[PDB]
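Here is upload_35.cif, consisting of mmCIF, C-alpha atoms; chains and numbers go by the auth columns:
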data_entry
loop_
_atom_site.group_PDB
_atom_site.id
_atom_site.type_symbol
_atom_site.label_atom_id
_atom_site.label_comp_id
_atom_site.label_asym_id
_atom_site.label_seq_id
_atom_site.Cartn_x
_atom_site.Cartn_y
_atom_site.Cartn_z
_atom_site.B_iso_or_equiv
_atom_site.auth_seq_id
_atom_site.auth_asym_id
ATOM 1 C CA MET A 1 14.115 -38.948 -33.461 0.00 52 J
ATOM 2 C CA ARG A 2 12.851 -39.815 -29.990 0.00 53 J
ATOM 3 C CA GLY A 3 15.345 -37.364 -28.563 0.00 54 J
ATOM 4 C CA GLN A 4 13.992 -34.478 -30.596 0.00 55 J
ATOM 5 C CA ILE A 5 10.411 -35.587 -30.004 0.00 56 J
ATOM 6 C CA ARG A 6 10.522 -35.901 -26.234 0.00 57 J
ATOM 7 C CA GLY A 7 12.448 -32.666 -25.884 0.00 58 J
ATOM 8 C CA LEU A 8 9.934 -31.057 -28.225 0.00 59 J
ATOM 9 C CA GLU A 9 7.028 -32.042 -26.023 0.00 60 J
ATOM 10 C CA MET A 10 8.923 -30.668 -23.059 0.00 61 J
ATOM 11 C CA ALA A 11 9.572 -27.535 -25.107 0.00 62 J
ATOM 12 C CA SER A 12 5.873 -26.921 -25.640 0.00 63 J
ATOM 13 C CA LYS A 13 5.254 -27.595 -21.969 0.00 64 J
ATOM 14 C CA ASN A 14 8.016 -25.119 -21.186 0.00 65 J
ATOM 15 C CA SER A 15 6.321 -22.678 -23.517 0.00 66 J
ATOM 16 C CA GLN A 16 2.888 -22.879 -21.912 0.00 67 J
ATOM 17 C CA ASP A 17 4.514 -22.337 -18.547 0.00 68 J
ATOM 18 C CA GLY A 18 6.393 -19.301 -19.842 0.00 69 J
ATOM 19 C CA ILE A 19 3.044 -18.008 -21.034 0.00 70 J
ATOM 20 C CA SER A 20 1.585 -18.489 -17.557 0.00 71 J
ATOM 21 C CA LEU A 21 4.496 -16.533 -16.100 0.00 72 J
ATOM 22 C CA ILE A 22 3.975 -13.551 -18.352 0.00 73 J
ATOM 23 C CA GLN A 23 0.240 -13.716 -17.690 0.00 74 J
ATOM 24 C CA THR A 24 0.937 -13.366 -13.991 0.00 75 J
ATOM 25 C CA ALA A 25 3.303 -10.507 -14.699 0.00 76 J
ATOM 26 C CA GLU A 26 0.831 -8.753 -16.935 0.00 77 J
ATOM 27 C CA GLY A 27 -1.969 -9.213 -14.434 0.00 78 J
ATOM 28 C CA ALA A 28 0.198 -7.440 -11.907 0.00 79 J
ATOM 29 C CA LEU A 29 0.644 -4.840 -14.606 0.00 80 J
ATOM 30 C CA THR A 30 -3.113 -4.705 -15.083 0.00 81 J
ATOM 31 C CA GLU A 31 -3.550 -3.651 -11.494 0.00 82 J
ATOM 32 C CA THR A 32 -0.491 -1.420 -11.775 0.00 83 J
ATOM 33 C CA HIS A 33 -2.203 0.154 -14.723 0.00 84 J
ATOM 34 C CA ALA A 34 -5.442 0.510 -12.800 0.00 85 J
ATOM 35 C CA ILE A 35 -3.677 2.371 -10.031 0.00 86 J
ATOM 36 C CA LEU A 36 -1.887 4.674 -12.455 0.00 87 J
ATOM 37 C CA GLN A 37 -5.237 5.512 -14.022 0.00 88 J
ATOM 38 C CA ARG A 38 -6.493 6.333 -10.554 0.00 89 J
ATOM 39 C CA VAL A 39 -3.428 8.492 -9.958 0.00 90 J
ATOM 40 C CA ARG A 40 -4.169 10.346 -13.169 0.00 91 J
ATOM 41 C CA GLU A 41 -7.685 11.006 -11.894 0.00 92 J
ATOM 42 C CA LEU A 42 -6.227 12.323 -8.670 0.00 93 J
ATOM 43 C CA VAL A 43 -3.857 14.582 -10.570 0.00 94 J
ATOM 44 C CA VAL A 44 -6.708 15.997 -12.646 0.00 95 J
ATOM 45 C CA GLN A 45 -8.642 16.701 -9.473 0.00 96 J
ATOM 46 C CA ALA A 46 -5.430 17.981 -7.918 0.00 97 J
ATOM 47 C CA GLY A 47 -5.041 20.424 -10.781 0.00 98 J
ATOM 48 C CA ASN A 48 -8.462 21.899 -10.205 0.00 99 J
ATOM 49 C CA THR A 49 -7.970 21.946 -6.436 0.00 100 J
ATOM 50 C CA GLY A 50 -4.683 23.833 -6.832 0.00 101 J
ATOM 51 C CA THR A 51 -6.766 27.023 -6.839 0.00 102 J
ATOM 52 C CA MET B 1 -8.581 5.861 -24.018 0.00 52 Y
ATOM 53 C CA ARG B 2 -9.620 5.081 -20.455 0.00 53 Y
ATOM 54 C CA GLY B 3 -7.087 7.612 -19.252 0.00 54 Y
ATOM 55 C CA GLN B 4 -8.610 10.414 -21.285 0.00 55 Y
ATOM 56 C CA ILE B 5 -12.128 9.267 -20.444 0.00 56 Y
ATOM 57 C CA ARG B 6 -11.787 9.071 -16.680 0.00 57 Y
ATOM 58 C CA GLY B 7 -9.902 12.344 -16.542 0.00 58 Y
ATOM 59 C CA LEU B 8 -12.577 13.842 -18.775 0.00 59 Y
ATOM 60 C CA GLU B 9 -15.329 12.878 -16.372 0.00 60 Y
ATOM 61 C CA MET B 10 -13.283 14.372 -13.570 0.00 61 Y
ATOM 62 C CA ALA B 11 -12.813 17.451 -15.745 0.00 62 Y
ATOM 63 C CA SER B 12 -16.548 17.991 -16.071 0.00 63 Y
ATOM 64 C CA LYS B 13 -16.935 17.418 -12.351 0.00 64 Y
ATOM 65 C CA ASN B 14 -14.174 19.960 -11.810 0.00 65 Y
ATOM 66 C CA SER B 15 -16.048 22.301 -14.105 0.00 66 Y
ATOM 67 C CA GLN B 16 -19.375 22.096 -12.291 0.00 67 Y
ATOM 68 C CA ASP B 17 -17.560 22.765 -9.046 0.00 68 Y
ATOM 69 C CA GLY B 18 -15.815 25.791 -10.541 0.00 69 Y
ATOM 70 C CA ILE B 19 -19.251 26.994 -11.567 0.00 70 Y
ATOM 71 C CA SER B 20 -20.491 26.595 -7.996 0.00 71 Y
ATOM 72 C CA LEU B 21 -17.533 28.640 -6.775 0.00 72 Y
ATOM 73 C CA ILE B 22 -18.239 31.544 -9.077 0.00 73 Y
ATOM 74 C CA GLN B 23 -21.924 31.342 -8.188 0.00 74 Y
ATOM 75 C CA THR B 24 -21.015 31.814 -4.549 0.00 75 Y
ATOM 76 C CA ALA B 25 -18.745 34.688 -5.482 0.00 76 Y
ATOM 77 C CA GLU B 26 -21.376 36.332 -7.615 0.00 77 Y
ATOM 78 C CA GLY B 27 -24.013 35.905 -4.938 0.00 78 Y
ATOM 79 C CA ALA B 28 -21.729 37.790 -2.599 0.00 79 Y
ATOM 80 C CA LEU B 29 -21.491 40.312 -5.395 0.00 80 Y
ATOM 81 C CA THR B 30 -25.272 40.375 -5.649 0.00 81 Y
ATOM 82 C CA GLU B 31 -25.511 41.529 -2.073 0.00 82 Y
ATOM 83 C CA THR B 32 -22.513 43.799 -2.603 0.00 83 Y
ATOM 84 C CA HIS B 33 -24.426 45.255 -5.487 0.00 84 Y
ATOM 85 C CA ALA B 34 -27.550 45.619 -3.383 0.00 85 Y
ATOM 86 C CA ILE B 35 -25.655 47.590 -0.782 0.00 86 Y
ATOM 87 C CA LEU B 36 -24.055 49.846 -3.376 0.00 87 Y
ATOM 88 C CA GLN B 37 -27.506 50.584 -4.763 0.00 88 Y
ATOM 89 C CA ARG B 38 -28.566 51.490 -1.251 0.00 89 Y
ATOM 90 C CA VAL B 39 -25.510 53.713 -0.904 0.00 90 Y
ATOM 91 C CA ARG B 40 -26.473 55.458 -4.117 0.00 91 Y
ATOM 92 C CA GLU B 41 -29.918 56.102 -2.654 0.00 92 Y
ATOM 93 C CA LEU B 42 -28.293 57.538 0.437 0.00 93 Y
ATOM 94 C CA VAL B 43 -26.080 59.775 -1.667 0.00 94 Y
ATOM 95 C CA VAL B 44 -29.073 61.081 -3.608 0.00 95 Y
ATOM 96 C CA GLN B 45 -30.827 61.851 -0.346 0.00 96 Y
ATOM 97 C CA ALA B 46 -27.550 63.228 0.974 0.00 97 Y
ATOM 98 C CA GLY B 47 -27.376 65.589 -1.978 0.00 98 Y
ATOM 99 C CA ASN B 48 -30.781 67.027 -1.240 0.00 99 Y
ATOM 100 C CA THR B 49 -30.065 67.196 2.489 0.00 100 Y
ATOM 101 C CA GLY B 50 -26.841 69.122 1.841 0.00 101 Y
ATOM 102 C CA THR B 51 -28.977 72.276 1.866 0.00 102 Y
#
Mind turning the file's structure into structure tokens?
Amino acid sequence: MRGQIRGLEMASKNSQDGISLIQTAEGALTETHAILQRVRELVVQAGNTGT
Amino acid sequence: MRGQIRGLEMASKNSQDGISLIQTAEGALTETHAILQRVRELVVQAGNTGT
């Protein structure tokens, strides 16, 4: 019992920390995304400016 | 969504600037036109002056 219980608590802890990891990753991807949006803007403008 | 939206705004911007271009062009053509009218006048006069 106490084995499964203690390791369970550590498993939920582990889980919340895994969450935090992927939140960091996805925040980096939020700014990645922001830049790519900006690139798209610059390509639209680029397409008009091509002539 | 935000992709299409931002690029849309830039597309309307692009459009107004294309308008401004063709307005410049057509203003040059307005003065072009003015001169050609003047030439026509000079040809009419030329036709009388031919004799």
Which of these, Y:100, Y:53, Y:58, Y:68, has the shortest distance to residue J:84 once you count only C-alpha atoms?
Y:53
Within 9 Å of chain J: each chain Y residue with its shortest pair, all atoms listed in the file, as a tab-separated table:
residue	atom	partner	partner_atom	distance
Y:53	CA	J:88	CA	7.8
Y:54	CA	J:88	CA	5.9
Y:57	CA	J:92	CA	6.6
Y:58	CA	J:92	CA	5.3
Y:59	CA	J:95	CA	8.8
Y:61	CA	J:96	CA	6.6
Y:62	CA	J:95	CA	7.0
Y:64	CA	J:96	CA	8.8
Y:65	CA	J:99	CA	6.2
Y:66	CA	J:99	CA	8.5
Y:69	CA	J:99	CA	8.3
For the residues in the current selection, export C-alpha atoms as a short mmCIF file (atom, residue, chain, number, x, y, z; two decimals), in the frame of the given file.
data_model
loop_
_atom_site.label_atom_id
_atom_site.label_comp_id
_atom_site.auth_asym_id
_atom_site.auth_seq_id
_atom_site.Cartn_x
_atom_site.Cartn_y
_atom_site.Cartn_z
CA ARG Y 53 -9.62 5.08 -20.45
CA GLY Y 54 -7.09 7.61 -19.25
CA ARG Y 57 -11.79 9.07 -16.68
CA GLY Y 58 -9.90 12.34 -16.54
CA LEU Y 59 -12.58 13.84 -18.77
CA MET Y 61 -13.28 14.37 -13.57
CA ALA Y 62 -12.81 17.45 -15.74
CA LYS Y 64 -16.93 17.42 -12.35
CA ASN Y 65 -14.17 19.96 -11.81
CA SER Y 66 -16.05 22.30 -14.10
CA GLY Y 69 -15.82 25.79 -10.54
#
How would chain J read as a PDB file with C-alpha atoms, in the frame of the given file after a least-squares superposition onto chain Y over every Cα atom, matched in order?
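Saved result, superposed31.pdb, follows:
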ATOM      1  CA  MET J  52      -8.580   5.862 -24.018  1.00  0.00           C
ATOM      2  CA  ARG J  53      -9.619   5.081 -20.454  1.00  0.00           C
ATOM      3  CA  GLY J  54      -7.088   7.612 -19.252  1.00  0.00           C
ATOM      4  CA  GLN J  55      -8.610  10.414 -21.284  1.00  0.00           C
ATOM      5  CA  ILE J  56     -12.129   9.268 -20.445  1.00  0.00           C
ATOM      6  CA  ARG J  57     -11.787   9.070 -16.681  1.00  0.00           C
ATOM      7  CA  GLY J  58      -9.900  12.344 -16.542  1.00  0.00           C
ATOM      8  CA  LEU J  59     -12.578  13.842 -18.774  1.00  0.00           C
ATOM      9  CA  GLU J  60     -15.329  12.879 -16.373  1.00  0.00           C
ATOM     10  CA  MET J  61     -13.284  14.371 -13.570  1.00  0.00           C
ATOM     11  CA  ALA J  62     -12.814  17.451 -15.745  1.00  0.00           C
ATOM     12  CA  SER J  63     -16.548  17.990 -16.071  1.00  0.00           C
ATOM     13  CA  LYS J  64     -16.935  17.419 -12.352  1.00  0.00           C
ATOM     14  CA  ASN J  65     -14.174  19.960 -11.809  1.00  0.00           C
ATOM     15  CA  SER J  66     -16.048  22.302 -14.105  1.00  0.00           C
ATOM     16  CA  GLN J  67     -19.375  22.097 -12.291  1.00  0.00           C
ATOM     17  CA  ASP J  68     -17.560  22.766  -9.047  1.00  0.00           C
ATOM     18  CA  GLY J  69     -15.815  25.790 -10.542  1.00  0.00           C
ATOM     19  CA  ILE J  70     -19.251  26.994 -11.567  1.00  0.00           C
ATOM     20  CA  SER J  71     -20.491  26.596  -7.996  1.00  0.00           C
ATOM     21  CA  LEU J  72     -17.533  28.640  -6.775  1.00  0.00           C
ATOM     22  CA  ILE J  73     -18.239  31.544  -9.078  1.00  0.00           C
ATOM     23  CA  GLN J  74     -21.924  31.341  -8.187  1.00  0.00           C
ATOM     24  CA  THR J  75     -21.014  31.814  -4.549  1.00  0.00           C
ATOM     25  CA  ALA J  76     -18.744  34.687  -5.482  1.00  0.00           C
ATOM     26  CA  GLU J  77     -21.376  36.333  -7.615  1.00  0.00           C
ATOM     27  CA  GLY J  78     -24.013  35.906  -4.938  1.00  0.00           C
ATOM     28  CA  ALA J  79     -21.730  37.788  -2.599  1.00  0.00           C
ATOM     29  CA  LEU J  80     -21.491  40.312  -5.395  1.00  0.00           C
ATOM     30  CA  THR J  81     -25.272  40.374  -5.649  1.00  0.00           C
ATOM     31  CA  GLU J  82     -25.512  41.529  -2.072  1.00  0.00           C
ATOM     32  CA  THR J  83     -22.514  43.798  -2.603  1.00  0.00           C
ATOM     33  CA  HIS J  84     -24.426  45.255  -5.487  1.00  0.00           C
ATOM     34  CA  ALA J  85     -27.550  45.619  -3.384  1.00  0.00           C
ATOM     35  CA  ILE J  86     -25.656  47.590  -0.782  1.00  0.00           C
ATOM     36  CA  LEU J  87     -24.054  49.846  -3.376  1.00  0.00           C
ATOM     37  CA  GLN J  88     -27.506  50.584  -4.762  1.00  0.00           C
ATOM     38  CA  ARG J  89     -28.566  51.490  -1.250  1.00  0.00           C
ATOM     39  CA  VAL J  90     -25.509  53.714  -0.904  1.00  0.00           C
ATOM     40  CA  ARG J  91     -26.473  55.458  -4.117  1.00  0.00           C
ATOM     41  CA  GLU J  92     -29.917  56.101  -2.653  1.00  0.00           C
ATOM     42  CA  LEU J  93     -28.292  57.538   0.438  1.00  0.00           C
ATOM     43  CA  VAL J  94     -26.080  59.775  -1.667  1.00  0.00           C
ATOM     44  CA  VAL J  95     -29.074  61.082  -3.608  1.00  0.00           C
ATOM     45  CA  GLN J  96     -30.827  61.851  -0.347  1.00  0.00           C
ATOM     46  CA  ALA J  97     -27.550  63.228   0.974  1.00  0.00           C
ATOM     47  CA  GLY J  98     -27.376  65.589  -1.978  1.00  0.00           C
ATOM     48  CA  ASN J  99     -30.781  67.027  -1.240  1.00  0.00           C
ATOM     49  CA  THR J 100     -30.066  67.196   2.489  1.00  0.00           C
ATOM     50  CA  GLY J 101     -26.842  69.121   1.840  1.00  0.00           C
ATOM     51  CA  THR J 102     -28.976  72.277   1.865  1.00  0.00           C
TER      52      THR J 102
END
Could you work out how far atom CA of residue Y:86 lies from atom CA of residue Y:101, giving the answer in Å with one decimal?
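Going from atom CA of residue Y:101 over to atom CA of residue Y:86 covers 21.7 Å.
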